[PDB]
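The next block holds one structure in the form of C-alpha cells; read it before the comments.
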Amino acid sequence: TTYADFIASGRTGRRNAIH
Amino acid sequence: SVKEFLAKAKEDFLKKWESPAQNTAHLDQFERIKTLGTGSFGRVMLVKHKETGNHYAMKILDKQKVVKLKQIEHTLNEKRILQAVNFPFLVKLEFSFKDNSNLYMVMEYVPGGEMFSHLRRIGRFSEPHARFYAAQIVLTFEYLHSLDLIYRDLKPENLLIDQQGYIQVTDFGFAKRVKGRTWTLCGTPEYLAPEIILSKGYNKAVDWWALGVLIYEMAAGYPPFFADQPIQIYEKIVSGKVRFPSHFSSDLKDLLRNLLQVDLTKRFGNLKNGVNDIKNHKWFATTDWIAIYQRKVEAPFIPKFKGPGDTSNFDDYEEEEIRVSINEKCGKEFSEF
Ligand SMILES: NCC[C@@H](C(=O)N/N=C/c1ccc(O)c(Br)c1)c1ccccc1
C-alpha cells in the first residue's frame, strides 16, 4: 500500500526547507 | 464584506510595513526554559518574560550562520512582514531585538504542538477534520495574498495547534511581499509547485498548489508526491499525475485535481473567481467561512494541556548554551532588524 511505502520511506520525519 | 475587511486589513499592514517595530526587548528580560524546535541557523526556545511571567517562543538566529546561508534578506523579510501582519491564524510576533551574536524574535507560544506531530501519530485526518484546518489556510492565504504576500512554506511542521484546536501559522522565513512574479527556489520539496521547480518564475498560485498538497497529506496520511530523495520528488510533481486513496470522496478528488493543477490557467485560486472557486467548491459545501474566521466552529481535536509553559506536545531537543560574543558580528547586514 502507498501508506506502507510512505512509512518505510526516509521522509516521515520533519522536512527541512531548501535554499 | 470580505473586500471591506481586506481593505482595512491592508491599511493597518502598510503602516507597520513602512515603519517596523525594532529593539523592543533585551535578552536579560527572559528566562530560558526549553528548546521547542531547531532550524538551519537557529533554534526556538520556550522562554518566560520575567516582568510579566508570560511564556513565549523565542526564535534565536545566529547572525553569522544566517549570513553563511545567504538568508540575510529572507530574515529581514520575515521579521518585517511578521511584525506587520494580524490574522487569527497567524502567530503573533511580540518582541524583536539583536545582540552581538544573534537576532531574536519573541512570538506567542502555541502549546498544542505541531500539526505534523499529531498527523503522523494519528495517521490521517477524516475529511471533516482536514476540511476544518484547510478552511483556515484558505482564509489565511486570502488575507496574506491580498497584502501581496506569498507565504511559500506551507507544511504541517509549520502549523501549530492552539489551545482551542485552531491553527497558528508559523515560520515566515520565506514570506515575501511582491507584486507580480518572483524566482527564488525555496520551500520544502514535497510542497513545491511545478513552476518553482522548473524555474518558471511564479506567484501566489504556488501557495494554492501547496494547499492542495496539505489537504491531500492531511486526508491520506502521506503527501501526493513523496520519495526518498528530493530530486525524485520533483520528478513526480512535474509529471503531476496524482493518484488518490480509494477512501477520498468524489468532491475531495475534484477539489484536489483543481488545486494540484499544473496548468496555471486552470489552477483553482488563480482564476477570475480567485479564492471563490475554492470557497464555493462542493467539498466545502458544509463549511461556514465566517464561523471559521470567528473561531465559532467546534474543533475536531483539542490538544491536551497539562499546565502553563508545559511542553508535552513538543519533541525533546538537545540544549546548547546561548553564547554572546564580546564583539559585534554582522552589524551592517542586520542594521534594519
Ligand atoms: N520550520 C522550521 C522551524 C523555524 C521556525 O520558525 N519555527 N518556529 C516555531 C514556533 C514559533 C512560534 C511558536 O509559538 C512555536 Br511553539 C513555535 C525555524 C526555527 C529555528 C531557526 C530557523 C527557523
Side-chain angles (χ1 to χ4, degrees), chain A, chain B residues 37-41 66 68-71 73-75 114-117 119-121 123-124 152-158 171 173-174 184 186-192 196-197 213 216-217 220-234 242 244-247 314-315 317:
Chain A
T1 73
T2 314
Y3 164 80
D5 292 335
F6 178 66
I7 291 306
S9 80
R11 297 184 66 84
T12 64
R14 283 183 182 82
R15 295 155 300 193
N16 294 324
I18 54 149
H19 318 277
Chain B
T38 58
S40 35
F41 41 73
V66 172
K68 291 186 168 304
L69 281 170
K70 292 181 278 187
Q71 299 300 295
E73 191 79 27
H74 284 158
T75 285
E114 297 168 9
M115 177 190 293
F116 172 86
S117 300
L119 184 55
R120 287 295 178 273
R121 172 183 277 267
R124 66 174 161 95
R152 297 203 297 187
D153 205 23
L154 188 67
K155 54 186 175 182
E157 293 91 318
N158 288 345
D171 196 353
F174 298 137
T184 298
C186 63
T188 305
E190 281 82 350
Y191 283 76
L192 304 181
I196 302 179
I197 292 160
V213 180
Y216 184 113
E217 182 175 331
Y222 51 88
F225 318 102
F226 70 86
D228 277 327
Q229 301 297 323
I231 179 57
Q232 300 177 310
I233 297 169
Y234 306 146
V242 185
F244 304 101
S246 53
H247 64 74
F314 295 86
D315 286 322
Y317 295 86

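Sequence lines set the chain letters: A, B, ... in the order given, protein chains first and strands last, and positions in each chain run from 1. Just so you know, these numbers use all the heavy atoms, side chains as well, and skip hydrogens, waters and symmetry mates.
Summarising the geometry, atom OH belonging to B:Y222 is positioned 11.0 Å from atom CD1 belonging to A:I7; distances are rounded to the nearest 0.5 Å. Taken from CG in B:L119 to OG1 in A:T12, the straight-line distance is 11.0 Å, to the nearest 0.5 Å. Atoms CD and CG, on B:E157 and A:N16 in that order, are 8.5 Å from each other to the nearest 0.5 Å.
By the 4.5 Å heavy-atom criterion applied to side chains, B:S40 and A:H19 are counted as neighbours. Between A:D5 and B:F226 there is a side-chain heavy-atom pair separated by less than 4.5 Å. Residues B:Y191 and A:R15 form a side-chain contact, since some pair of their non-hydrogen atoms from C-beta on lies under 4.5 Å apart. The side-chain heavy atoms of B:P156 and A:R14, taken from C-beta on, include no pair separated by under 4.5 Å.
Neither the backbone nor the side chain of B:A220 comes within contact range of chain A, judged by heavy atoms closer than 4.5 Å.
A pairwise comparison of heavy atoms in B:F174 and A:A17 identifies CE1-CB, 3.3 Å as the closest pair. Considering all non-hydrogen atoms of both residues, B:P223 and A:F6 come closest at CD-CE1, 3.5 Å. Taking each heavy atom of B:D228 and A:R11 in turn, the nearest pair found is O-CD, 3.8 Å.
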